[PDB]
Amino acid sequence: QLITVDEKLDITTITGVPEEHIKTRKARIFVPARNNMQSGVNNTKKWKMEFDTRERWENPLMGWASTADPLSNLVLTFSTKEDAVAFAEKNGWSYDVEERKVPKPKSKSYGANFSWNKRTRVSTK
Amino acid sequence: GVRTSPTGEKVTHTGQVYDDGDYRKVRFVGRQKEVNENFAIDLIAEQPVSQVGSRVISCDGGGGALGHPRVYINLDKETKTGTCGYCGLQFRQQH
Amino acid sequence: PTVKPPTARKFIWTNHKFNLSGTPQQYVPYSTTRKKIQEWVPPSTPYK
Amino acid sequence: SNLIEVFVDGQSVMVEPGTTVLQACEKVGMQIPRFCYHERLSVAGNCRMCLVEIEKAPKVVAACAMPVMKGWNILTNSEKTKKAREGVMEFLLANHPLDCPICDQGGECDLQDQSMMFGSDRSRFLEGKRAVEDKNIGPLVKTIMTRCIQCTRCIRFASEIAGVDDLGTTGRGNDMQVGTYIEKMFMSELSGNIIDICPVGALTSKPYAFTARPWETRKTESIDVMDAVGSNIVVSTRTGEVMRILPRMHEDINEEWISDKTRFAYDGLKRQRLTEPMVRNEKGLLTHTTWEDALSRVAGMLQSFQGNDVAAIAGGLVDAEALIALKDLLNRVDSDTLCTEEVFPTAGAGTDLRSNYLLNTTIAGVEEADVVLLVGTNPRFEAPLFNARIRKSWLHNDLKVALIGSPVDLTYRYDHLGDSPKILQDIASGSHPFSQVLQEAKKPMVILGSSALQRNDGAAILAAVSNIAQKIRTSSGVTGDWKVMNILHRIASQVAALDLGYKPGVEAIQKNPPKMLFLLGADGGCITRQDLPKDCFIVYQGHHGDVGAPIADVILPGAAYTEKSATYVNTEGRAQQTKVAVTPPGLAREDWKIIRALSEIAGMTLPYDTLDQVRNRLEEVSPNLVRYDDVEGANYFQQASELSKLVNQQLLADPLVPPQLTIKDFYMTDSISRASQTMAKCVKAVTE
Amino acid sequence: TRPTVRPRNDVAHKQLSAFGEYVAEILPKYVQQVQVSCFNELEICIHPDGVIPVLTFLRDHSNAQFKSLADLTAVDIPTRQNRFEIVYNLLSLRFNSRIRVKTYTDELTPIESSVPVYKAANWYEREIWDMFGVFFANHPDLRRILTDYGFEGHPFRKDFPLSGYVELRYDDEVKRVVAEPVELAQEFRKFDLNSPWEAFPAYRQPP
Amino acid sequence: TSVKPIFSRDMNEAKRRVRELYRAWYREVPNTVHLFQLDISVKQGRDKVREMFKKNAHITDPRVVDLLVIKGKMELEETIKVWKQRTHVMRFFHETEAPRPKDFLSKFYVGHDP
Amino acid sequence: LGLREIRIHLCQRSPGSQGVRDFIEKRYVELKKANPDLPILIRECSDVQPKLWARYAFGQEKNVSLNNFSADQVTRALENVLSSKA
Ligand code: SF4
Ligand code: SF4
Ligand code: FES
Ligand SMILES: [K+]
Ligand SMILES: [Zn+2]
C-alpha cells in the first residue's frame, strides 16, 4: 500500500556529507565548452555538474599541490539540464545553470571564393 | 656546472637553491643536499657537430631500437646547425 | 665482469656507494622547481 | 518551404538549399572527419579527409564542399567511406614526423585522434620522410613546420579573419611549404588564434611550450577582462597554477577567437604581485604587516573623516562586487565621491539612462548593419574582437565603413572622412556627402569610442554624435526596433561602474581634494599626490604593484580576475561572471571581502556576508547586473538627445587621435599586461 | 573467422532470445524489458515489485532452474530519477546458462529482500546497503559490512568523493586514533582523457 | 506523490519510532560510559545524544525519518555489542579539532573559505 | 539627512511598468532639468516589478513599489521623495 508525501525531496541528512560541504558550496551546471585546440564535438554532448574551486597550496616537503577540499575532483554527468538541477536540489547544493551553447548554423559555399564582384573572392588557395 | 649560492648551498641543474632566509634548508643540517653533478646541458654541448653531405639527415639516437623514435632533420639553413629534438645531437651540411 | 666487462660511460659512477640511510650522507627530498610567483618589492625611498 | 529532403544513412533530414553534405550529417549528430575544413573559414577542400560515399554514386565526394542534392543518401560509414579515410590518413602520416612525445599538440591533436578513430593501426611506408626548415614568425607562435599537413587553415584565417595577406604557400608538389617566403613576423592582434586552428603541432604557443599536457589540465570557464568585449575564455590550470588561456565559443561575443593580449598576458599574473598587507613604517617605507593591523589603520582614518573628505577611484579591472561594496562603505560616511578613471560626459542624461553609454546595437548586430560610422576610435586595438566582427560583415555583407579620426590601419578598407571633429556637424547639417549615405541606409550604426570621450570636449563630441543618430531615426527609413547610437568601451569595469552610479572620471576628486583616498586597483595615474593635500591617507587595494601601490599609505592585496568569482559588464551591457581558477596568492583576499571586513572593523558593517548576498545587493542597485549572459535592452534615446541639447559646448580644434595608433601601443595597457614578460617581448619585436 | 575478431555464436543468441520472451510471456505483470547482448548475455529488466516472484520463478521453474545466485550488486546512475540499478546474476547448472535480472530504486524506496530465494543474497544486500544506501525490507540482519564502524555516507555513490571526508591518525594527547577532516599532501590529479572524436557510430544516440 | 513507505505511514507514526530510539539511546549512555571506560559523564553523553537528535528536528518526510531511525538503531547496536571501540564512541566529541570561529572576520583572516 | 540618489527600476514590456514608461517618456526630461545634480538612475530589466529606490545621507535607502501605477501616481511617488526627505 502506497502513501502520500507531498514535501520536496531533501536527502541532505541521510547522505552523510559534512554540513560545511552542503551549504557553503556552489555547484555549476553546464555543458563543457569545446576544447578549441580540436574540432571534435564529442565532449559537448552531456551536462556536467562541478563545484567551486578552493585553495591549493604547496606541500613544504616536495612542493606538491595540497588541498583540503574533498569535492575538488567531483564531476557528475547528466543527460539533461533538468536531471542535473533535480540532483542538485535534493542534495541541498545551491547551483548556477549555464544554458547550452550550440554553434550557429553557417552558410558555406565553395563558389563564393571566386566571386565576380564580391569581397569573398580569395586571393590564394 | 654545479655552482654554490652565497650561502654555500649547491645549485641544481634546474637552477633550484633555497634562498638566504628560507627556513626549508634546515632539512639539510646534519645531512646533505642530493645534487647530480653531471649536467646534461653541458655534456651535450661537448659533442662535436657532425658533417653530412645531404640536405636531410635522420637520427635515432644510436643503438637502433634502443635509441629514440627516428626523426629527419632539415639542414638547409647555413646560419645554424640542425639539432635532434630528442637527443640533442647536432648536424651540419658540408659546403 | 672479468669476462664480459660492462660498457664504459663518462657519467657512470667510478666509486660505488652502499645504502646510505641513517647516515649524514642520506638523501633528503626537496622541491627541484623554482619559485612560481614573484612578489612586488616596495621601493626603498619615502615618496608619499 | 524550399527545404529539401536528404538521407544520412537512410535517416531523412530536411535541409536548406546550399547546405553541404558535411552540414547535413551534423543535423543527425554525425561529425564527418576533417582537417582543412573550418566552419568559420572559407571552404578549401584540399585535405580530402571528408570524402564520403553517396549511394549509387561511384565517386566519393568531399563532404565539406559538396552541396547536397534532394534524395541523396549519404553513407557515412560504408566500406567505401571507411577505405577513403584510411587511404587519406595513410598519406597524411607518410611524411609526418615521429614527434608526439616532444610535440606540444600530443594528447589534444586532431591528427592523433582521427588516426585512432578513422585510420589504420600500422604503417607500410618504407621510405625516408620529408624534412622542412622552420620559420620565425615572431615571439608568440613557434613553428615546427615538418609537422605541417598543408591544410591552409592558417593562410585562410590570416587572410579572412585577421585581414593580413602575409601567409601563403611557396613551391609546389610535395615540396610545397606554408610560410611568409621572406623573413616576416605575423604580429597581428589576432595572431595567436592560428595556434588553435592549426590541427597539428606545426604552430604552437611559445610561452606555453613544454609546460603541460592536455589531459592533466583543469578547465575553468571564465571571462576575459583585458578589454571591454568580455570574451569568453577557458583558464587552463594544473596543480594550482595557471598554464594558459584558451578561447571559449560564444557566437554573440567573440565567436571562438581571443585577442593576443587576452591569450598571452596571463604571465603577468606571476609577477609584481601584492601578497601581503603593507603599512608605512616610521621611516616612511612600506613594510609587511597583518590583516588585523592594516585594516585597523584604515578603519581609524575612516572613522575620523566624513563627506567630501573621503573619496575612492575604481580602476579598469575592478569587479562589480567590489564596486558596490566600496560604494556602500563610502556612502555610510556620507561620501558620494565614487569615481572611475575612465571619463564619460555627465552633461544631460549623463549615466541616468543606460542607452547613453552602451553599445546598444550589440556586437552581433554589426552583422545586420549596412553602414557603420566609427568616430574617434581605433577598434582594432580597443576591441580587437569587435573589429574582427566588423571585418566579418565587411567581408560577407559588403558593409560600408567610414571613420572620423586618424587613418589607422583597420585590416579592411574604409572611407576616411577626416579627423576634424567639426565634420560631425557637417554630416548632421546635411552638408557632407556622407550625410546622404546615412539617410539612404536601412540599418545605420554610429559607434563613438570611449577613448574620444577622454578629451576635454567629450561632452560636445557625444552631443554632436548623438545629434547625427537622432536625425537618422527622426527621418525614418530605420525601423523603431533598430538602435543607431553606440558607445565602444575599452575598460572592463566601466559599464558596471556606470550602472551602479559611480561618477565617471576624477573631476569630482579634483574639485574637493579628499583627506582619505581609496585606490581600488587604480593604476592609470589620474590622481597623484600633487593633486591631493600633503597629508592625504591613500589606501591601495589591488593585485599588482604598478602605479597606485608605491604612493600608498596602506596596501591591501586583492585577487586578480582569475582568482575570484566576480561580475563584469561588457560594452553591450551584458553581465558575465568569472570563476575561480586558482586562489589569490599569499595573504591576498577576495576584493569585496576586504571592504566588508573593513566595514566591520570601522563599526559600519555592510549587510552581506556571502557572495550570493552581495549579488543580491547588486540586484537592488541595477537589476540587470545579475542577469548573466543576457543583453538587456535600453531605451529613451529621445530623452537623452533632448537633454544633450540644453547646454552647448565648444568642439576643440584638436583632431581625433586615438591613444593606440600601431600594434606596439596595443600590448601594454593595464597592470597585468604591463607586468607580462611576454607582452614585453611582443613590444620589443615590433619596435626593433 | 578473422584472427583478431571475437567470433559470433548465433545458436546461443537464438536460444537466449527464445527464453527471454518465454520469461516475458509467463511474468507479464513485472517484466518491462528483455534484451540479449551481442556477446550472448540475457537480461530481464523488471519492476521492483517483481523481485521475489521473478527470482522465485527462475530458481524453481523446471525449465529455468537457476539455483545459484552468482552475484548481486548495484550501479549508481545519478541522471536517473531512480538512480540505483539492482543487478542479479544467476547461474543454471541444469541448463549451463546464465541470466541477469535488473530492477531499480531511489534513495528512499525499499527493495524486498531476496534472502528467502537465495541465502547467498544476505551479505550481498548488506554490501549494497553499505556502499549505496539502498534499504532492503525484511532483511534478517541489515547493517554495514565493509565500511568502518560509525562510517557516514555510502562510498560507491557517484557523488561520494574518492578520498571521502575524514581520515584517521594516532593522537598522543588523547592516546587513541582520531578522525579529522581529510587533507591531502598531494591532491589526486583529475585527468580529462576522453577524445572529442566519436569512437563507436553503432551506439550513437539520436540528437 | 504516491510512494512506497519504509515503516511509517506518516509523520505521526515516524515520531513514535523516533521517541522509541531516543529512549533506547538515553538508557544506554550509562552503560556505554561504564563499559568503554570513558572519561566523560553520563550528562555529557546524554547531551551529545540530544544534540544528535536535534540536528534532524526539521525533517518532515516520514521516509527520511525512517531511514534516520534505521541508522540510529544500527549505531546503537554497534555500541551495545562493543563492535565499536572507544575511538569510535569518542568520535562524536571531536576532541582534537581546533576551534573554527564562525564569524566573517575570523574566516577572512585565515583564508578564502566562506 | 538629505536625498542623495534616486533609482527607478522597470520592465521594457510588462504592463505593470506601463505607467513608469509613460512617466519617463513625458516627465523625466523636465524632472532632470529641475534637479541637474541629482542622479536619477533609470535601469530597465526584463520582467522586474517596477520600484522607486531613494538613497539618503549615510547610505539609508527606502524603496516604493510602482507596480501598476499610472503616470500621475509615479509623479506623486517621486514628489513625495523629492520633498518629504529623510
Ligand atoms: S602534430 Fe599530432 S601526430 Fe604530429 S607529432 Fe604532434 S601530436 Fe603527434
Ligand atoms: S601550419 Fe598548421 S594550419 Fe597552417 S597549413 Fe600547416 S597544418 Fe594547416
Ligand atoms: S575537410 Fe573536406 S577536404 Fe578537408
Ligand atoms: K596547433
Ligand atoms: Zn637523436
# chains A, B, ... in the order shown; residues from 1 in each chain; ligands from 1
call {"tool": "interface_residues", "arguments": {"of": "chain A", "to": "chain F", "cutoff": "10 Å", "atoms": "only C-alpha atoms", "output": "PDB file with N, CA, C and O atoms, in the first residue's frame"}}
result
ATOM      1  N   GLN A   1       0.823  -1.203   0.000  1.00  0.00           N
ATOM      2  CA  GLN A   1       0.000   0.000   0.000  1.00  0.00           C
ATOM      3  C   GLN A   1       0.862   1.260   0.000  1.00  0.00           C
ATOM      4  O   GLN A   1       1.716   1.437   0.861  1.00  0.00           O
ATOM      5  N   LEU A   2       0.618   2.134  -0.971  1.00  0.00           N
ATOM      6  CA  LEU A   2       1.400   3.347  -1.132  1.00  0.00           C
ATOM      7  C   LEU A   2       0.917   4.437  -0.177  1.00  0.00           C
ATOM      8  O   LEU A   2      -0.166   4.359   0.405  1.00  0.00           O
ATOM      9  N   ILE A   3       1.747   5.467  -0.017  1.00  0.00           N
ATOM     10  CA  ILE A   3       1.466   6.586   0.872  1.00  0.00           C
ATOM     11  C   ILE A   3       1.745   7.883   0.128  1.00  0.00           C
ATOM     12  O   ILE A   3       2.456   7.909  -0.878  1.00  0.00           O
ATOM     13  N   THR A   4       1.186   8.971   0.648  1.00  0.00           N
ATOM     14  CA  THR A   4       1.324  10.289   0.047  1.00  0.00           C
ATOM     15  C   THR A   4       2.338  11.112   0.830  1.00  0.00           C
ATOM     16  O   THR A   4       2.204  11.278   2.045  1.00  0.00           O
ATOM     17  N   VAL A   5       3.347  11.623   0.127  1.00  0.00           N
ATOM     18  CA  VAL A   5       4.340  12.520   0.709  1.00  0.00           C
ATOM     19  C   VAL A   5       4.545  13.679  -0.255  1.00  0.00           C
ATOM     20  O   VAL A   5       5.220  13.531  -1.278  1.00  0.00           O
ATOM     21  N   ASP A   6       3.978  14.838   0.062  1.00  0.00           N
ATOM     22  CA  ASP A   6       3.959  15.958  -0.871  1.00  0.00           C
ATOM     23  C   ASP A   6       5.127  16.924  -0.693  1.00  0.00           C
ATOM     24  O   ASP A   6       5.247  17.872  -1.475  1.00  0.00           O
ATOM     25  N   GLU A   7       5.992  16.714   0.294  1.00  0.00           N
ATOM     26  CA  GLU A   7       7.083  17.647   0.533  1.00  0.00           C
ATOM     27  C   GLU A   7       8.193  17.452  -0.494  1.00  0.00           C
ATOM     28  O   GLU A   7       8.250  16.447  -1.205  1.00  0.00           O
ATOM     29  N   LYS A   8       9.080  18.441  -0.568  1.00  0.00           N
ATOM     30  CA  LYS A   8      10.166  18.389  -1.534  1.00  0.00           C
ATOM     31  C   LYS A   8      11.212  17.369  -1.103  1.00  0.00           C
ATOM     32  O   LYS A   8      11.409  17.106   0.086  1.00  0.00           O
ATOM     33  N   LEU A   9      11.887  16.797  -2.091  1.00  0.00           N
ATOM     34  CA  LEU A   9      12.879  15.761  -1.845  1.00  0.00           C
ATOM     35  C   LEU A   9      14.146  16.380  -1.269  1.00  0.00           C
ATOM     36  O   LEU A   9      14.777  17.228  -1.907  1.00  0.00           O
ATOM     37  N   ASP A  10      14.520  15.960  -0.064  1.00  0.00           N
ATOM     38  CA  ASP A  10      15.661  16.539   0.643  1.00  0.00           C
ATOM     39  C   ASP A  10      16.370  15.409   1.381  1.00  0.00           C
ATOM     40  O   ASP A  10      15.954  15.018   2.473  1.00  0.00           O
ATOM     41  N   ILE A  11      17.442  14.901   0.786  1.00  0.00           N
ATOM     42  CA  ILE A  11      18.170  13.776   1.339  1.00  0.00           C
ATOM     43  C   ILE A  11      19.458  14.231   2.028  1.00  0.00           C
ATOM     44  O   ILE A  11      20.337  13.417   2.289  1.00  0.00           O
ATOM     45  N   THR A  12      19.571  15.520   2.344  1.00  0.00           N
ATOM     46  CA  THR A  12      20.816  16.058   2.878  1.00  0.00           C
ATOM     47  C   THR A  12      21.193  15.451   4.222  1.00  0.00           C
ATOM     48  O   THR A  12      22.372  15.479   4.585  1.00  0.00           O
ATOM     49  N   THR A  13      20.236  14.917   4.972  1.00  0.00           N
ATOM     50  CA  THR A  13      20.524  14.377   6.292  1.00  0.00           C
ATOM     51  C   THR A  13      20.821  12.883   6.289  1.00  0.00           C
ATOM     52  O   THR A  13      21.204  12.349   7.331  1.00  0.00           O
ATOM     53  N   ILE A  14      20.660  12.198   5.161  1.00  0.00           N
ATOM     54  CA  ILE A  14      20.943  10.773   5.076  1.00  0.00           C
ATOM     55  C   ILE A  14      21.998  10.473   4.013  1.00  0.00           C
ATOM     56  O   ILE A  14      22.141   9.338   3.589  1.00  0.00           O
ATOM     57  N   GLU A  20      29.345  21.757   6.205  1.00  0.00           N
ATOM     58  CA  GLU A  20      30.111  22.782   5.503  1.00  0.00           C
ATOM     59  C   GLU A  20      30.084  22.559   3.998  1.00  0.00           C
ATOM     60  O   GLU A  20      30.011  23.517   3.223  1.00  0.00           O
ATOM     61  N   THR A  24      27.901  25.646   1.951  1.00  0.00           N
ATOM     62  CA  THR A  24      28.886  26.628   1.518  1.00  0.00           C
ATOM     63  C   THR A  24      29.376  26.395   0.097  1.00  0.00           C
ATOM     64  O   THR A  24      30.159  27.201  -0.406  1.00  0.00           O
ATOM     65  N   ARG A  25      28.940  25.328  -0.560  1.00  0.00           N
ATOM     66  CA  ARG A  25      29.406  25.008  -1.900  1.00  0.00           C
ATOM     67  C   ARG A  25      28.487  25.615  -2.949  1.00  0.00           C
ATOM     68  O   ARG A  25      27.343  25.977  -2.677  1.00  0.00           O
ATOM     69  N   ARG A  54      38.640  25.584  -4.703  1.00  0.00           N
ATOM     70  CA  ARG A  54      39.105  26.028  -3.401  1.00  0.00           C
ATOM     71  C   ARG A  54      40.628  26.022  -3.372  1.00  0.00           C
ATOM     72  O   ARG A  54      41.291  25.675  -4.349  1.00  0.00           O
ATOM     73  N   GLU A  55      41.177  26.419  -2.231  1.00  0.00           N
ATOM     74  CA  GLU A  55      42.609  26.648  -2.128  1.00  0.00           C
ATOM     75  C   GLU A  55      43.401  25.379  -2.406  1.00  0.00           C
ATOM     76  O   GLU A  55      43.087  24.305  -1.890  1.00  0.00           O
ATOM     77  N   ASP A  69      40.003  20.284   0.145  1.00  0.00           N
ATOM     78  CA  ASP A  69      38.655  20.291  -0.399  1.00  0.00           C
ATOM     79  C   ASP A  69      38.306  18.885  -0.851  1.00  0.00           C
ATOM     80  O   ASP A  69      38.837  18.431  -1.870  1.00  0.00           O
TER      81      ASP A  69
END
call {"tool": "residues_near_ligand", "arguments": {"ligand": "ligand 4", "cutoff": "12 Å", "atoms": "only C-alpha atoms and all ligand atoms", "output": "PyMOL selection string"}}
result
(chain A and resi 36-39) or (chain D and resi 35+103-111+141-145+147-149+151+153-154+192-206+208-209)
call {"tool": "residues_around", "arguments": {"residues": "residue 121 of chain A", "least_positions_apart": "3", "cutoff": "10 Å", "atoms": "only C-alpha atoms", "output": "PDB file with N, CA, C and O atoms, in the first residue's frame"}}
result
ATOM      1  N   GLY A 111      31.729  28.127 -53.980  1.00  0.00           N
ATOM      2  CA  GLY A 111      31.706  29.015 -55.128  1.00  0.00           C
ATOM      3  C   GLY A 111      32.027  30.456 -54.792  1.00  0.00           C
ATOM      4  O   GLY A 111      32.579  31.179 -55.621  1.00  0.00           O
ATOM      5  N   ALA A 112      31.687  30.897 -53.581  1.00  0.00           N
ATOM      6  CA  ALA A 112      31.920  32.284 -53.204  1.00  0.00           C
ATOM      7  C   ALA A 112      33.390  32.672 -53.270  1.00  0.00           C
ATOM      8  O   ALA A 112      33.698  33.860 -53.388  1.00  0.00           O
ATOM      9  N   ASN A 113      34.303  31.702 -53.210  1.00  0.00           N
ATOM     10  CA  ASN A 113      35.726  32.011 -53.259  1.00  0.00           C
ATOM     11  C   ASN A 113      36.134  32.690 -54.557  1.00  0.00           C
ATOM     12  O   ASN A 113      37.200  33.308 -54.607  1.00  0.00           O
ATOM     13  N   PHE A 114      35.328  32.586 -55.606  1.00  0.00           N
ATOM     14  CA  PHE A 114      35.679  33.088 -56.926  1.00  0.00           C
ATOM     15  C   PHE A 114      34.649  34.092 -57.416  1.00  0.00           C
ATOM     16  O   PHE A 114      34.298  34.123 -58.592  1.00  0.00           O
ATOM     17  N   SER A 115      34.168  34.945 -56.518  1.00  0.00           N
ATOM     18  CA  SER A 115      33.102  35.870 -56.871  1.00  0.00           C
ATOM     19  C   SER A 115      33.557  36.861 -57.932  1.00  0.00           C
ATOM     20  O   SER A 115      34.696  37.329 -57.930  1.00  0.00           O
ATOM     21  N   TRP A 116      32.642  37.178 -58.843  1.00  0.00           N
ATOM     22  CA  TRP A 116      32.918  38.162 -59.880  1.00  0.00           C
ATOM     23  C   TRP A 116      33.114  39.553 -59.293  1.00  0.00           C
ATOM     24  O   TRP A 116      34.022  40.281 -59.705  1.00  0.00           O
ATOM     25  N   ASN A 117      32.286  39.934 -58.322  1.00  0.00           N
ATOM     26  CA  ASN A 117      32.276  41.312 -57.853  1.00  0.00           C
ATOM     27  C   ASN A 117      32.143  41.451 -56.340  1.00  0.00           C
ATOM     28  O   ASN A 117      31.918  42.566 -55.864  1.00  0.00           O
ATOM     29  N   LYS A 118      32.271  40.376 -55.572  1.00  0.00           N
ATOM     30  CA  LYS A 118      32.145  40.449 -54.125  1.00  0.00           C
ATOM     31  C   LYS A 118      33.512  40.368 -53.463  1.00  0.00           C
ATOM     32  O   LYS A 118      34.509  39.981 -54.074  1.00  0.00           O
ATOM     33  N   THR A 124      44.167  33.517 -52.613  1.00  0.00           N
ATOM     34  CA  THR A 124      45.056  32.364 -52.611  1.00  0.00           C
ATOM     35  C   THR A 124      44.258  31.124 -52.244  1.00  0.00           C
ATOM     36  O   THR A 124      43.186  31.210 -51.642  1.00  0.00           O
TER      37      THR A 124
ATOM     38  N   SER D  42      36.771  30.067 -45.109  1.00  0.00           N
ATOM     39  CA  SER D  42      36.314  29.725 -46.443  1.00  0.00           C
ATOM     40  C   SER D  42      36.592  28.253 -46.737  1.00  0.00           C
ATOM     41  O   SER D  42      37.555  27.669 -46.238  1.00  0.00           O
ATOM     42  N   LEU D 395      33.364  41.715 -45.052  1.00  0.00           N
ATOM     43  CA  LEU D 395      33.679  40.649 -45.995  1.00  0.00           C
ATOM     44  C   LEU D 395      32.419  40.020 -46.574  1.00  0.00           C
ATOM     45  O   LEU D 395      32.322  39.813 -47.787  1.00  0.00           O
TER      46      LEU D 395
END
call {"tool": "atom_distance", "arguments": {"atom1": "atom CA of residue 74 of chain B", "atom2": "atom CA of residue 40 of chain B"}}
result
24.2 Å
call {"tool": "atom_distance", "arguments": {"atom1": "atom CA of residue 659 of chain D", "atom2": "atom CA of residue 187 of chain D"}}
result
19.2 Å
call {"tool": "closest_atom_pairs", "arguments": {"of": "chain B", "to": "chain D", "cutoff": "8 Å", "atoms": "only C-alpha atoms", "output": "CSV"}}
result
residue,atom,partner,partner_atom,distance
B:56,CA,D:131,CA,6.5
B:69,CA,D:98,CA,6.2
B:70,CA,D:98,CA,6.7
B:71,CA,D:98,CA,6.0
B:72,CA,D:131,CA,5.7
B:73,CA,D:131,CA,5.8
B:74,CA,D:131,CA,5.1
B:75,CA,D:133,CA,7.5
B:76,CA,D:133,CA,6.8
B:77,CA,D:133,CA,7.4
B:85,CA,D:102,CA,7.4
B:86,CA,D:102,CA,7.4
call {"tool": "closest_residue", "arguments": {"among": "F:81, F:15, F:58, F:91", "to": "residue 31 of chain F", "atoms": "only C-alpha atoms"}}
result
F:81
call {"tool": "atom_distance", "arguments": {"atom1": "atom CA of residue 359 of chain D", "atom2": "atom CA of residue 450 of chain D"}}
result
10.7 Å
call {"tool": "interface_residues", "arguments": {"of": "chain A", "to": "chain E", "cutoff": "10 Å", "atoms": "only C-alpha atoms", "output": "PyMOL selection string"}}
result
chain A and resi 9+11+14-18+21+34-35+38-45+47+56-87+91
call {"tool": "residues_near_ligand", "arguments": {"ligand": "ligand 3", "cutoff": "12 Å", "atoms": "only C-alpha atoms and all ligand atoms", "output": "number ranges by chain"}}
result
A: 39, 110; D: 20-23, 31-39, 41-52, 60-66, 84-85, 88-89, 92, 149-153, 199
call {"tool": "interface_residues", "arguments": {"of": "chain C", "to": "chain A", "cutoff": "7 Å", "atoms": "only C-alpha atoms", "output": "NGL selection string"}}
result
:C and (29-31)
call {"tool": "residues_around", "arguments": {"residues": "residue 41 of chain B", "least_positions_apart": "2", "cutoff": "10 Å", "atoms": "only C-alpha atoms", "output": "list in words"}}
result
residues 1, 13, 38, 39, 43, 44, 45, 46 and 88 of chain B
call {"tool": "interface_residues", "arguments": {"of": "chain C", "to": "chain D", "cutoff": "6 Å", "atoms": "only C-alpha atoms", "output": "ChimeraX atom specification"}}
result
/C:37-40,46,48
call {"tool": "residues_near_ligand", "arguments": {"ligand": "ligand 5", "cutoff": "6 Å", "atoms": "only C-alpha atoms and all ligand atoms", "output": "list in words"}}
result
residues 59, 60, 61, 84, 86, 87 and 89 of chain B
call {"tool": "write_last_selection", "arguments": {"atoms": "N, CA, C and O atoms", "output": "short mmCIF file (atom, residue, chain, number, x, y, z; two decimals), in the first residue's frame"}}
result
data_model
loop_
_atom_site.label_atom_id
_atom_site.label_comp_id
_atom_site.auth_asym_id
_atom_site.auth_seq_id
_atom_site.Cartn_x
_atom_site.Cartn_y
_atom_site.Cartn_z
N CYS B 59 68.11 10.85 -37.48
CA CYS B 59 68.72 10.46 -36.21
C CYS B 59 67.76 9.56 -35.47
O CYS B 59 66.54 9.77 -35.49
N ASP B 60 68.30 8.54 -34.81
CA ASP B 60 67.53 7.71 -33.90
C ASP B 60 68.22 7.58 -32.55
O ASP B 60 67.88 6.69 -31.77
N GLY B 61 69.18 8.46 -32.27
CA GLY B 61 69.88 8.45 -31.01
C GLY B 61 70.99 7.44 -30.90
O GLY B 61 71.75 7.48 -29.93
N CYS B 84 68.89 17.45 -33.22
CA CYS B 84 67.91 16.42 -32.93
C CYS B 84 67.05 16.86 -31.76
O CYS B 84 67.57 17.23 -30.70
N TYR B 86 65.22 15.02 -29.93
CA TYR B 86 65.20 14.01 -28.88
C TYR B 86 66.50 13.97 -28.09
O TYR B 86 66.49 14.11 -26.86
N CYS B 87 67.63 13.79 -28.77
CA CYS B 87 68.89 13.55 -28.10
C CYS B 87 69.83 14.75 -28.12
O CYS B 87 70.83 14.74 -27.40
N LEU B 89 71.84 15.85 -30.47
CA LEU B 89 72.98 15.81 -31.38
C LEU B 89 72.78 16.81 -32.52
O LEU B 89 71.66 17.08 -32.94
#
call {"tool": "select_by_dssp", "arguments": {"residues": "chain E", "states": "helix (DSSP H, G or I)", "output": "VMD selection string"}}
result
chain E and resid 10 to 26 48 to 60 121 to 132 201 to 203
call {"tool": "residues_around", "arguments": {"residues": "residue 339 of chain D", "least_positions_apart": "2", "cutoff": "12 Å", "atoms": "only C-alpha atoms", "output": "NGL selection string"}}
result
:D and (310-316 or 323 or 326-327 or 330 or 335-337 or 341-344 or 493-494 or 497-498 or 500-510 or 517-520 or 522 or 526-527)
call {"tool": "interface_residues", "arguments": {"of": "chain D", "to": "chain G", "cutoff": "7 Å", "atoms": "only C-alpha atoms", "output": "ChimeraX atom specification"}}
result
/D:328,331-334,352-354,622-624,632,634,639,643
call {"tool": "closest_atom_pairs", "arguments": {"of": "chain E", "to": "chain F", "cutoff": "9 Å", "atoms": "only C-alpha atoms", "output": "Markdown table"}}
result
| residue | atom | partner | partner_atom | distance |
| --- | --- | --- | --- | --- |
| E:108 | CA | F:63 | CA | 6.3 |
| E:109 | CA | F:4 | CA | 6.2 |
| E:110 | CA | F:6 | CA | 6.2 |
| E:135 | CA | F:67 | CA | 8.4 |
| E:137 | CA | F:6 | CA | 7.8 |
| E:142 | CA | F:74 | CA | 8.3 |
| E:143 | CA | F:74 | CA | 6.4 |
| E:144 | CA | F:74 | CA | 8.4 |
| E:149 | CA | F:84 | CA | 6.1 |
| E:150 | CA | F:75 | CA | 6.6 |
| E:171 | CA | F:96 | CA | 8.1 |
| E:173 | CA | F:96 | CA | 8.5 |
| E:174 | CA | F:96 | CA | 7.9 |
| E:176 | CA | F:87 | CA | 6.2 |
| E:177 | CA | F:87 | CA | 6.0 |
| E:178 | CA | F:87 | CA | 6.6 |
| E:179 | CA | F:91 | CA | 6.6 |
| E:180 | CA | F:97 | CA | 7.0 |
| E:181 | CA | F:97 | CA | 8.9 |
call {"tool": "residues_around", "arguments": {"residues": "residue 26 of chain C", "least_positions_apart": "5", "cutoff": "8 Å", "atoms": "only C-alpha atoms", "output": "PyMOL selection string"}}
result
(chain B and resi 31-32) or (chain C and resi 20-21)
